[PDB]
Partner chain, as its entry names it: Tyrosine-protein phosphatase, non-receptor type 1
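Only one chain is shown below, in structure tokens, and it's the form solved without the partner chain.
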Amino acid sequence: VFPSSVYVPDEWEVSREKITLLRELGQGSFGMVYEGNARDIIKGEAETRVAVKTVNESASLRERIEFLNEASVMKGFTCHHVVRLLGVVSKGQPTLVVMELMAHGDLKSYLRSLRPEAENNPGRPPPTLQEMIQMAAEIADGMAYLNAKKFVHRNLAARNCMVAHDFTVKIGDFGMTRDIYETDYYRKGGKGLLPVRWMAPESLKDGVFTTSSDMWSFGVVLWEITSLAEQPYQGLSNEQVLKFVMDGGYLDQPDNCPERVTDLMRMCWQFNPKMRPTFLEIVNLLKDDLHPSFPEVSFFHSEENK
């Protein structure tokens, strides 16, 4: 077993000299993610703010090929609520994957910054009911798009939902790579790293992942939004969580949680996966209470939603 390189240097290939790196944004799958700038990569923009991923020096040849294969798959996505590919630098080392910049970073750190006693609070109130419903619809729209494309996320969490400059939330990294230093994972002997606190009971039991188990995870992201990204099942160990959820347990509603969001979570956490809503059903439920631009950009209102 060894992967074939599927990446074709085509219209997505960007000259290395067009990319300038500004600062580190943090380790992602394969390597470091940087904030940068890209010259003449989008028609009508002389310079575009970008996120740039490099592949680490410690990576095997197989990992370097897999990195580019992941970028090649992204060429097929055009959803406003999924972080997009902008270009690839495959000529020489280090290989670079250029993506749209999500200027407010991951949803987990963004939510934690809005806590009243947070040292990095930006002087704005925590999410309003309207803002939380908007986030829910955006995440659900991106997930509905991925489902239509036959992708099961398997790792949906606030840590990998991303926030743009205008506060739009989008689906970030849905790859299979699991960071060994991420406490959101549990090392299960002979099962690898598992995001147990975000997993559906059937996934914990049988190892099955479907769009219905992604809906369970979506309910947990709603819980992170309404708790300002508290750790789910705080006080319970990974083993205690596995038993609790498999037995039919689910998260307590955070203090003074809005009723509409509590209702959404409860739907996501039905024990029978067939009773959970679909991501298209989530967007349909929330569509009348969204920003006026939503139908112009959503997968839900697009001609592709068939």
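Numbering follows the first chain given and starts at 1.
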item	value
Higher-B stretch (mean Cα B-factor, as the entry records it), 188-196 or 76-84	188-196
Greater mean Cα temperature factor according to the PDB record, 121-129 or 163-171	121-129
Residue, from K108, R115, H153, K150, that the PDB entry assigns the highest Cα B-factor	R115
Top residue by Cα temperature factor, when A136, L146, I180, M99 are compared in the entry	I180
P201, C-alpha B-factor rank within chain (lowest, middle or highest third)	middle
Third of the chain's Cα B-factor distribution that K53 belongs to, per the entry	middle
Within-chain third of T278 by Cα B-factor, per the entry	lowest
Third of chain Cα B-factors occupied by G142	lowest
For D255, the third of its chain into which the C-alpha B factor falls	highest
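One more form of this protein, solved in complex with the partner chain, exists but is not displayed; see below.
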{"query": "Location of the partner chain contact in the deposited complex, chosen stretch of 276-284, 262-270, 249-257, 40-48 [non-hydrogen atom, 4.5 Å]", "finding": "40-48"}
{"query": "is_contact(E17, the partner chain) in the deposited complex, heavy atom dist at most 4.5 Å", "finding": "no"}
{"query": "In the deposited complex, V297 touching the partner chain (heavy atom, 4.5 Å)", "finding": "yes"}
{"query": "Distance check, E117 to the partner chain in the deposited complex, heavy atom within 4.5 Å", "finding": "no"}
{"query": "The partner chain contact at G235 in the deposited complex, heavy atom, 4.5 Å", "finding": "no"}
{"query": "Within 286-306, the residues that have a heavy atom no more than 4.5 Å from the partner chain in the deposited complex", "finding": "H291, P292, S293, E296, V297"}
